[PDB]
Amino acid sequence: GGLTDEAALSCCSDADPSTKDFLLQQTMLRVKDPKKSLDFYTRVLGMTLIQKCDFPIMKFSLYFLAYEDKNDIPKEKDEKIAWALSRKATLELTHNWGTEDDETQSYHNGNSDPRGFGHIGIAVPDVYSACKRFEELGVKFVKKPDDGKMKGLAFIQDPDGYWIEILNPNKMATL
């Protein structure tokens, strides 16, 4: 029947002082077509592109998306890499050059065999008003807010099929 609260807490250790400056900086997803991914994350979800890195020998690019004010992004390049990579809660999109032209190619979202990664999730002030807008924009849904057993929580998908949870923190208690 799973762990009890107390049993779970018994498995948790206090943070060693050597970890006290650590932060959860990024979640990396591979994307077939960065043009479509950038449009989605910025126009649909309101993220900002904060950094782009290109590796021509390895034939890939990295795009770092975050909820940050574009006016805070440093102008000077070294400062800009160090700032972008010290922001909490970034999304790192990895583009292996040439996938966008390969009709047979797609990435796997983790929610079918083989399962592992599930989703990123965005906390919004109002899941219903968010989802109405997503519907107006033609966003793909896995689960509408009222569909299924978990009313008031939604799942959409990005251009690659990755699932994104849309959740309201302030309603999850009174729900």
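If you superpose the two forms and keep the largest set of C-alpha atoms that fall within 1.5 Å, you have the rigid core. A residue's number is simply how far along the shown sequence it sits, counting from 1.
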Task: More shifted region, core-based fit in 8 other deposited structures of this protein, 144-152 vs 61-69 by CA - done: 144-152
TODO: Going by the average Cα B-factor in the PDB entry, point out whether 94-102 or 71-79 comes out higher.
DONE: 71-79
TODO: Going by the average Cα B-factor in the PDB entry, point out whether 23-31 or 54-62 comes out higher.
DONE: 54-62
Open item on the list: In terms of recorded Cα temperature factor, pick the maximum from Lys149, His119, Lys36, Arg133.
Closed with: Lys149
Task: Chain third (lowest, middle, highest) by recorded CA B-factor, residue given as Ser129 - done: middle
Task: B-factor third for the C-alpha atom of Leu137 within its chain - done: middle
- [ ] Using the B-factor values recorded in the entry, state whether the Cα atom of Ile156 falls in the lowest, middle or highest third among the modelled residues of its chain.
- [x] lowest
Open item on the list: Looking at the temperature factor on the CA atom of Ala7, which third of the chain's modelled residues does it land in?
Closed with: lowest
TODO: Within this chain's modelled residues, let me know which third the CA B factor of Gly110 belongs to: lowest, middle or highest.
DONE: middle
